[PDB]
Amino acid sequence: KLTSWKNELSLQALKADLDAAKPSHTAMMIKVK
Amino acid sequence: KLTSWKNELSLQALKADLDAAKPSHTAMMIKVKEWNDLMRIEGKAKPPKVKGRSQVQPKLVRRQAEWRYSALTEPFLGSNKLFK
Amino acid sequence: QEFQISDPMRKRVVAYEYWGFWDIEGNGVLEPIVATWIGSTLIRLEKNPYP
Amino acid sequence: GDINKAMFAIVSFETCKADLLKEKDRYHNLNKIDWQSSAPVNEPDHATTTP
Amino acid sequence: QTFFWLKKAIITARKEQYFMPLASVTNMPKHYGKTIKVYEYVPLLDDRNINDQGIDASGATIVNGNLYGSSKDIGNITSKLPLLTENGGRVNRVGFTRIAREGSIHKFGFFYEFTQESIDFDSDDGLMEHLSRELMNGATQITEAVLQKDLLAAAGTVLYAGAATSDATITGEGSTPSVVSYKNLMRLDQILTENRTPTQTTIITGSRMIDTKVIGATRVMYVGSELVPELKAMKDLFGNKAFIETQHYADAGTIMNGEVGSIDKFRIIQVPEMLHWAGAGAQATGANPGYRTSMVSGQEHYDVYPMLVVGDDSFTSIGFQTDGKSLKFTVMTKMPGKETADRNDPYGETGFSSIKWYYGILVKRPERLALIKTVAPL
Amino acid sequence: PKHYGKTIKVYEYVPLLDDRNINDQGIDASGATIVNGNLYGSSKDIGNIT
Amino acid sequence: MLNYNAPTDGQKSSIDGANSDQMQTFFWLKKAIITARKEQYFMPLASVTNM
Amino acid sequence: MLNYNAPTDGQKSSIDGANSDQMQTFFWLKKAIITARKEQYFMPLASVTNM
Amino acid sequence: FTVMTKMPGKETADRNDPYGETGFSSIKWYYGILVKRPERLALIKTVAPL
Numbered sequence: 019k020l021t022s023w024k025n026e027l028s029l030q031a032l033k034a035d036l037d038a039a040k041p042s043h044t045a046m047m048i049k050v051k
Numbered sequence: 019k020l021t022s023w024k025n026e027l028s029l030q031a032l033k034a035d036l037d038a039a040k041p042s043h044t045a046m047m048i049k050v051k052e053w054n055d056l057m058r059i060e061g062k063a064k065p066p067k068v069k070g071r072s073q074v075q076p077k078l079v080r081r082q083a084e085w086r087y088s089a090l091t092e093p094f095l096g097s098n099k100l101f102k
Numbered sequence: 307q308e309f310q311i312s313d314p315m316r317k318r319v320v321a322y323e324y325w326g327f328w329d330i331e332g333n334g335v336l337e338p339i340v341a342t343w344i345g346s347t348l349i350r351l352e353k354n355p356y357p
Numbered sequence: 256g257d258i259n260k261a262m263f264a265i266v267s268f269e270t271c272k273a274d275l276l277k278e279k280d281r282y283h284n285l286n287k288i289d290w291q292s293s294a295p296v297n298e299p300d301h302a303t304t305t306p
Numbered sequence: 024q025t026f027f028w029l030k031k032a033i034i035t036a037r038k039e040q041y042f043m044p045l046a047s048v049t050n051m052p053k054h055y056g057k058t059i060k061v062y063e064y065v066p067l068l069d070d071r072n073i074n075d076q077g078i079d080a081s082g083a084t085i086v087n088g089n090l091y092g093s094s095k096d097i098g099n100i101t102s103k104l105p106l107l108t109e110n111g112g113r114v115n116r117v118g119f120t121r122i123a124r125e126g127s128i129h130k131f132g133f134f135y136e137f138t139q140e141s142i143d144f145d146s147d148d149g150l151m152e153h154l155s156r157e158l159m160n161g162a163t164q165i166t167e168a169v170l171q172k173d174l175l176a177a178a179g180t181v182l183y184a185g186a187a188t189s190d191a192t193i194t195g196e197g198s199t200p201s202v203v204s205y206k207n208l209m210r211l212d213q214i215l216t217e218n219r220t221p222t223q224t225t226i227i228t229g230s231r232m233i234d235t236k237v238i239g240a241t242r243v244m245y246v247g248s249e250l251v252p253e254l255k256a257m258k259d260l261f262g263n264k265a266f267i268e269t270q271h272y273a274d275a276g277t278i279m280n281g282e283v284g285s286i287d288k289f290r291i292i293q294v295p296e297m298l299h300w301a302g303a304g305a306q307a308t309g310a311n312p313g314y315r316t317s318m319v320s321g322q323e324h325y326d327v328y329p330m331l332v333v334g335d336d337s338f339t340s341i342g343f344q345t346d347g348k349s350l351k352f353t354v355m356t357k358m359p360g361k362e363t364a365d366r367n368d369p370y371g372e373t374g375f376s377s378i379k380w381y382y383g384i385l386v387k388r389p390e391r392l393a394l395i396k397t398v399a400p401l
Numbered sequence: 052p053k054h055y056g057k058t059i060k061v062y063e064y065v066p067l068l069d070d071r072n073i074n075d076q077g078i079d080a081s082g083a084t085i086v087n088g089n090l091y092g093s094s095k096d097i098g099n100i101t
Numbered sequence: 001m002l003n004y005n006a007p008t009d010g011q012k013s014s015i016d017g018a019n020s021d022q023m024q025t026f027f028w029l030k031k032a033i034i035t036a037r038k039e040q041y042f043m044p045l046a047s048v049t050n051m
Numbered sequence: 001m002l003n004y005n006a007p008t009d010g011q012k013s014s015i016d017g018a019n020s021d022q023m024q025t026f027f028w029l030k031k032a033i034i035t036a037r038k039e040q041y042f043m044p045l046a047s048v049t050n051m
Numbered sequence: 352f353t354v355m356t357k358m359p360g361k362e363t364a365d366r367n368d369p370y371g372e373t374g375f376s377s378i379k380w381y382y383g384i385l386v387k388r389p390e391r392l393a394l395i396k397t398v399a400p401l
């Protein structure tokens with residue numbers, strides 16, 4: 019536990035957000051390419 | 019009961035109003051979608067696909083709107099202050 | 307269509323709002339009101355705040 | 256459609272251990288990461304101009 | 024082939040529905056299956072309190088735990104009173120029971136297809152709005168019919184008229200026709216009062232206008248349009264007219280929707296779409312005095328009509344994501360075109376529109392639903 | 052108005068559930084084709100409706 | 001195709017293994033109905049004398 | 001003697017009649033058990049080339 | 352890993368399934384190796400104890 023907050027985010031939530039947001043970015047980057 | 023008014027509206031009355039108003043709105047939105055289709059070349063606008071021929075369509079509505087956008091946006095951005 | 311945040315406190319849920327005139331007292335005088343509901347729950351109901 | 260209403264933003268970059276050591280207090284737990292053996296830059300999702 | 028179209032289509036309205044607004048909505052949270060259950064705590068002295076936990080005053084074990092059932096006999100009560108002596112101990116024990124009930128949810132839906140040629144080449148504009156309106160009206164009518172059918176099937180208190188004892192035994196021809204009589208309404212009132220059913224309305228006292236009568240009905244009765252001519256000509260016990268029309272007590276009272284009059288302790292409401300069992304009655308011979316019949320497998324059979332009474336808190340409407348109203352519809356339209364044509368139709372010239380909903384009902388206490396089966400005249 | 056003969060006409064839409072709605076676009080719950088398109092006509096039978 | 005089937009009626013949803021089943025199948029309101037006390041008529045009439 | 005008995009295994013409780021059974025018979029944690037991703041040793045070595 | 356998914360709703364409604372109660376999630380990727388100096392890869396084949 020890095021910090022003293024009552025609720026800590028933890029790394030699993032961060033990677034969950036990353037994997038949830040990534041599919042739309044993948045569909046968008048095709049247009050820019 | 020949320021409030022102390024003599025007559026309380028309840029959710030059913032509001033939803034009755036919404037379901038009464040909805041059919042006109044649905045008929046209205048079809049025209050908006052058609053105009054956007056003419057602008058962006060989809061739906062009825064897109065030319066049919068044929069194996070041995072072309073399928074190009076130059077964009078007229080887009081062009082006519084393209085000058086209007088920049089013609090109209092400018093006067094609102096000419097100065098540092100917006101309201102007088 | 308499929309995007310969902312992990313934390314429920316950051317989830318986005320569609321809400322509806324109603325601006326209109328109503329005869330609150332039944333006297334025949336119409337007054338403006340505002341009401342907000344989510345799903346089947348009426349979460350807020352009050353008079354018009356803006357002057 | 257508005258950047259202000261966004262909840263989060265994730266950015267990936269290349270860094271070296273000297274950058275992390277420039278401010279010791281900010282960063283913790285640097286010993287677990289290996290710094291001796293792995294020497295390709297091959298992370299797929301990250302896009303870079305480095306050879 | 025040159026005609027002038029008036030550009031104003033002839034359209035009918037939607038059926039007014041009376042049973043649906045009576046229902047109350049109970050929410051079903053998602054991820055809990057599709058069934059609701061509750062408990063009923065049976066009182067101490069009722070008959071259903073069956074338990075092997077009884078000791079009478081003499082100290083012996085007895086079969087029945089409840090002191091005495093729902094019996095009004097004086098002798099039985101005097102026999103089974105809980106008595107106590109000076110040196111009492113382990114004298115009288117009682118026990119209790121709880122009962123559970125359940126209801127479930129089903130699923131419905133229907134759709135229709137059109138073509139873009141139809142919406143383009145047609146002379147009449149606004150075809151789409153007409154089609155959507157007709158679809159929605161049909162859906163609402165179907166829903167109300169389903170609810171009425173379920174209520175009629177779940178009825179607890181049933182009173183066959185005349186001398187019959189089943190749907191098959193209902194008949195019009197004979198010495199004793201099966202039709203409504205004043206005694207039947209009195210009996211239904213007596214039964215409902217015994218069942219502790221709360222009264223919907225209040226007594227209407229007199230007014231000051233000339234030719235105004237007083238009515239002391241405290242309940243609501245739903246009849247079809249077929250029974251009303253039969254009801255209008257009833258005579259009470261002494262011989263005089265029974266039906267009291269609404270214009271007599273329109274003043275000093277509030278006329279509810281669809282009310283035609285009032286008989287005994289019932290205010291008659293006329294429902295347009297009231298369902299009747301067809302051919303449920305006995306066979307109809309040539310001695311028919313003028314009662315409706317129906318053709319069942321080559322034989323004429325009489326008809327049976329519901330005449331329903333609904334008590335308070337008899338049932339609730341199980342609602343699964345059904346929003347404020349007891350039912351929520353889900354409708355989507357796919358406009359025809361090549362753009363949609365990717366997998367099934369290479370051309371995609373047909374669109375559609377579908378509507379679906381989830382319906383479910385829970386009857387908490389079915390002792391407050393009453394129903395009288397009778398034949399109706401031509 | 053002139054130049055339209057001497058005839059005027061209107062359109063009358065019939066609801067879904069009336070028996071006058073004699074069409075040929077029915078599919079029953081199983082998936083097969085059925086004779087009548089309207090679900091159930093003006094009939095008010097418990098058995099027929101159910 | 002993953003399906004739900006019927007958890008009761010001796011059927012299994014496809015997600016569930018050979019060893020498992022659904023934990024919740026119904027919903028309980030936790031509000032039980034109550035029958036009110038029978039009202040009394042003869043009791044008010046009686047007058048009380050001390051002994 | 002109102003006994004809890006053993007509702008599961010068919011021995012109904014004393015209070016329950018012939019129509020009803022105990023509504024809840026267990027507690028559910030809602031925090032499942034999962035396994036982590038397998039570690040990769042050959043993937044770091046490789047390098048990527050566009051074409 | 353290019354991941355596509357279509358939850359049940361309007362977007363997955365079609366002529367075969369007019370209402371629309373289905374879904375799918377799919378995952379795909381490309382692969383291929385080129386060996387520049389195969390002389391540098393080394394291998395030893397042997398049996399192993401039980």
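Protein chains in written order, with the UniProt record's numbering: chain X, 19 to 51; chain R, 19 to 102; chain Z, 307 to 357; chain E, 256 to 306; chain L, 24 to 401; chain C, 52 to 101; chain D, 1 to 51; chain S, 1 to 51; chain U, 352 to 401.
C-beta: ideal position from N, C-alpha, C; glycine also.
Check, Outcome
"Coil, strand or helix - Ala341(Z) by DSSP", "strand"
"Contact between the region 146-153 of chain L and the region 38-49 of chain R (3+ Cβ pairs under 8 Å)", "yes"
"Contact with chain L by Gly326(Z), beta-carbon distance below 8 Å", "no"
"According to DSSP, residues forming a beta bridge with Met244(L)", "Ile291(L)"
"Residues from the region 356-374 of chain U in contact with chain L, defined by Cβ distance under 9 Å", "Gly360, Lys361, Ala364, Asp365, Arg366, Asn367, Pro369, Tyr370 and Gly371"
"Which of helix, strand or coil DSSP assigns to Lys51(R)", "helix"
"Under the three-state DSSP convention, the category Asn50(L) falls into", "strand"
"Closer than 8 Å to chain Z by CB, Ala34(X)", "yes"
"For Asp313(Z), the nearest candidate out of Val50(X), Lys40(X), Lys49(X) and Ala34(X) (CA to CA)", "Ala34(X)"
"Under the three-state DSSP convention, the category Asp16(S) falls into", "strand"
"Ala162(L), buried or exposed, once every other Cβ within 10 Å from all chains shown has been counted against 16", "buried"
"Beta-carbon proximity check, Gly92(L) vs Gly77(L), cutoff 8 Å", "no"
"Span of the alpha helix (DSSP H) around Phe42(L)", "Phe42 to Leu45"
"Inter-residue CB distance, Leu45(S) and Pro295(E) (contact presumed, cutoff 8 Å)", "7 Å"
"Integer Cβ distance of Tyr382(L) from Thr166(L), believed to fall under 8 Å", "7 Å"
"Simplified DSSP assignment, three categories, for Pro252(L)", "helix"
"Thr216(L) (DSSP reduced to helix, strand or coil)", "helix"
"Terminal residues of the beta strand (DSSP E) in which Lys130(L) lies", "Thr120 to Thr138"
"Inter-residue Cα distance where the pair is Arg281(E) and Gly10(D)", "59 Å"
"The region 210-219 of chain L touching the region 261-277 of chain L, judged by at least three CB pairs closer than 8 Å", "no"
"Chain D residues whose Cβ lies nearer than 8 Å to that of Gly56(L)", "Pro7, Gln22, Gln24, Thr25, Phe26 and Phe27"
"Cβ-Cβ separation, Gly345(Z) to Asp346(L) (assumed contact under 8 Å), whole Å", "6 Å"
"Contact list for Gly98(C) against chain L, beta-carbon separation under 8 Å", "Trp300 and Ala301"
"contact_flag[the region 237-254 of chain L, the region 53-71 of chain C] where n(CB pairs < 8 Å) is 3 or more", "no"
"Partner residues on chain Z for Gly347(L), Cβ-Cβ distance less than 7 Å", "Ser346"
"Contact with chain U by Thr21(X), beta-carbon distance below 8 Å", "no"
"At least three beta-carbon pairs within less than 8 Å, the region 386-401 of chain L to the region 183-194 of chain L", "yes"
"Inter-stretch contact at 8 Å, needing at least 3 Cβ pairs: the region 26-36 of chain S / the region 330-341 of chain L", "no"
"Candidates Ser81(L), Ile122(L) and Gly132(L): closest to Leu107(L) by CA position", "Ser81(L)"
"Cβ-based burial, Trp300(L) [other Cβ within 10 Å; buried from 16]", "buried"
"Where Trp380(U) sits in the DSSP three-state scheme", "coil"
"Alpha-carbon spacing of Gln22(D) relative to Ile34(S), whole angstroms", "18 Å"
"Expected contact under 8 Å - CB spacing of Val354(L) and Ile378(L) to nearest Å", "5 Å"
"Rounded C-alpha distance that separates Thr49(S) from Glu323(Z)", "54 Å"
"Test item: CB-CB of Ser47(L) and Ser340(L) under 8 Å", "yes"
"Contacting residues, own chain, Cβ-Cβ under 8 Å from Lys172(L) (five flanking each side not counted)", "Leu298"
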